[PDB]
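Report on one structure; see the data block that follows.
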Ligand SMILES: CC1(C)CCCN[C@H]1c1ccc(O)c(C(=O)c2ccc(C(=O)N[C@@H]3CCCNC[C@H]3NC(=O)c3ccncc3)cc2)c1F
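Chains as they are written, first to last, in the entry's author numbering: chain B, 5 to 24; chain A, 14 to 350.
As structure tokens, this is what we get:
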């Protein structure tokens with residue numbers, strides 16, 4: 005399930021804005 | 014009366030915008046209690062104002078680190094904007110000042126914690142729950158954009174929940190006052206509009222795309238575009254194929270197809286009727302916009318609060334003693350702060 009794919013991802017924590 | 018409220022708010026804004034408040038407090042006026050968040054330049058701490066006993070959130074930024082990462086102008090944007098605005102769902106700046114090492118912004122303490130924390134723990138919000146939050150963002154963005162302000166970092170991490178269960182937007186480091194177009198590649202990967210990713214030159218419409226991302230994330234429990242590396246997220250965003258969970262109502266789905274619209278001539282918030290295309294959409298039929306503004310709507314969720322200065326709605330972070338150098342750092346760069 006998409007939910008399961010999300011929970012197993014590295015993107016469920018506090019997300020940082022980007023820089024270059 | 015919307016147009017009227019907005020003309021008055023603009024007058025108020027511009028006076029503070031053209032003559033910013035400076036140096037309205039000092040570090041020794043505050044007892045530092047606990048870190049409520051961090052970033053690469055510093056941290057936000059719970060503090061206590063000694064002369065009133067009031068609690069605040071104090072953002073501390075290291076001037077040399079700001080300079081090293083070339084965010085001087087963005088930092089000046091943040092403070093100048095925050096001191097000038099005034100809206101129920103925008104965190105209120107109370108004081109600002111600087112010393113030899115650091116910049117400081119003291120704002121209202123919003124004790125209910127980040128939307129992000131509740132959203133992850135609970136899993137997802139019901140449609141009425143997400144709609145109640147969404148309404149507040151719609152109004153906030155109507156206010157900000159009327160002032161030529163673009164926010165550019167909408168996400169649950171930046172939406173704090175107050176004692177009454179209402180939102181307060183925080184972290185204006187990418188907010189900018191701009192007429193017409195701008196080009197900075199900034200934002201959070203999951204929330205970037207396709208036109209940012211494609212180095213196009215963009216406007217206030219990227220905030221309306223981000224609203225679509227937020228609403229989706231609040232209602233699904235995960236964002237419409239995610240992957241383990243940002244480049245893969247960007248590829249998903251530009252392709253623009255969104256799938257909706259089966260539990261999304263057809264009205265929600267319809268709203269989101271109009272917000273998550275790659276085509277700027279078709280994206281809601283960006284058409285002839287502006288924000289009214291959003292406000293009058295069927296997903297929002299039960300929403301009383303004036304009641305939201307006046308905070309008279311009953312919040313579907315109110316966080317536990319056990320005394321003033323309690324931080325149980327926040328994660329724990331490593332603490333670090335503030336050090337003030339005996340030599341002034343980066344005086345010229347931050348003269349206006
Ligand atoms: C370093 C870059 C430029 C590039 C990488 C991404 N971050 C960027 C970035 C841009 C501007 C910045 O000021 C910073 C910071 O160093 C910084 C330092 C501290 C904070 C901070 O702690 N903010 C907290 C936690 C992050 C999520 N947003 C909520 C915010 N909390 C609050 O503002 C808050 C207010 C009132 N009551 C309770 C809490 C945010 C940013 C920053 F890290």
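All C-beta atoms in this analysis are idealised placements derived from N, C-alpha and C, irrespective of residue type, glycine included.
Between residue 22 (chain B) and residue 316 (chain A) the beta-carbon gap is near 30 angstroms, outside 8 angstroms, which marks them as no contact. A distance criterion of 7 angstroms places the beta-carbon of residue 215 (chain A) beyond contact range of ligand 1, judged by its closest non-hydrogen atom.
Beta-bridge partners assigned by DSSP to residue 182 (chain A): A:103, A:172.
Residues of chain B whose Cβ lies closer than 9 angstroms to the Cβ of residue 324 (chain A) do not exist, since the nearest Cβ in that chain is about 16 angstroms away.
Going by DSSP, residue 87 (chain A) is part of the alpha helix (DSSP H) stretching over 85 to 95.
Taking 8 angstroms as the threshold, the shortest C-beta distance from residue 170 (chain A) to chain B falls below it. Using beta-carbon distances, residue 88 (chain A) does not count as an interface residue toward chain B, since no partner is under 8 angstroms. Distances from the alpha-carbon of residue 18 (chain B) to those of A:235, A:120, A:27 put A:235 closest. Any Cβ of chain B closer than 8 angstroms to the Cβ of residue 203 (chain A) would place that residue at the interface, and such an atom is present. The C-alpha of residue 5 (chain B) is placed about 32 angstroms away from the C-alpha of residue 182 (chain A). By the rule that beta-carbons nearer than 8 angstroms mark a contact, residue 243 (chain A) touches chain B.
By the rule that beta-carbons nearer than 8 angstroms mark a contact, residue 166 (chain A) touches chain B. Counting only the Cα atoms, residue 103 (chain A) lies some 18 angstroms from residue 24 (chain A).
Residues 120, 121 of the same chain have their beta carbon placed closer than 7 angstroms to that of residue 105 (chain A), with the five preceding and five following residues left out of the count. Out of A:320, A:309, A:167, the CA that lies nearest to the CA of residue 177 (chain A) is found in A:309. In the three-state scheme derived from DSSP, where H, G and I count as helix and E and B as strand, residue 73 (chain A) is classed as strand.
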